[PDB]
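# Topology and contacts: notes
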Number of protein chains: 2
Amino acid sequence: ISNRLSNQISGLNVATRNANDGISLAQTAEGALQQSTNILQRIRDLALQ
Amino acid sequence: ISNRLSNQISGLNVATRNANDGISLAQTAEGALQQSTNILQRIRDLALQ
C-alpha cells in the first residue's frame, strides 16, 4: 500500500503544479481579453461618436 | 544413529548458509526494484506533467 500510495502522493503534487499552471494560463487569457474588452468598448464609443 | 545424525546436523548448518544467501539475494532483487520503482514513479510523474 505504500508504493501505490506514494505514487498517488507524487501524482497529487504534479497535479498541484498543473492546476496552478492552469490558473496562470487562464490569467493570461483574462488579461488579453481585458485589453480586447477595453478596445471593443472604445469601438462602441466611436460608433456613438 | 550418530553418523546419520551428525550428517544431518552438518546439512542443517549448510542450510543455514544457503537460506541466508537467499535472503541476501532477494535483498539484491528488492533494492534493484526499489530503484526501478522510483524510476517508474518518475515516468508516471512525467506522463502527468
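Residues numbered from 1 in each chain as written, not as in the entry; some residues may be left out. Chains lettered and ligands numbered in written order. Part of a larger assembly, values for the part shown. Heavy atoms only, no water.

Listed as the method for this PDB entry is cryo-EM; the listed resolution is 4.2 Å.

## Thoughts on the interface of chain B and chain A
Between chain B and chain A, the residue contacts involve six residues of the former and nine residues of the latter. Note on chain B versus chain A: buried area summed over both sides is about 630 Å², and carbon and sulfur give 42% of it. For the chain B face of the interface with chain A, the top three residues by lost area are B:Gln41, B:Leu48 and B:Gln49, together amounting to 60%. For the interface between chain B and chain A, the tally reads two residue pairs in polar contact. (Contact = heavy atoms within 4.5 Å. Buried area = accessible area lost by both parts, 1.4 Å probe. Polar contact = N/O pair within 3.5 Å; in protein donor to acceptor, adjacent residues only side chain to side chain.)

## Examining the packing of helix α1 (residues 2-48) of chain A against helix α1 (residues 2-48) of chain B
Interaxial distance between α1(A) and α1(B) falls to 9 Å at its minimum, and their mutual angle equals 30°. In terms of orientation, α1(A) and α1(B) fall into the roughly parallel class. The interaxial crossing formed by α1(A) with α1(B) has right-handed handedness. Here α1(A) contributes A:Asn3, A:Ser6, A:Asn7, A:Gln8, A:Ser10, A:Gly11, A:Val14 and A:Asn18 to the contact with α1(B), which in turn contributes B:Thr37, B:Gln41, B:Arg44, B:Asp45 and B:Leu48. (Axes fitted to C-alpha atoms, helices over the stretch in contact; angles between N-to-C directions. Helix = DSSP H or I, 4+ residues; strand = E, 2+ residues; numbered from the N terminus. Parallel < 35°, antiparallel > 145°, perpendicular 65-115°, else oblique. Left-handed = near helix turned anticlockwise from the far one by under 90°.)

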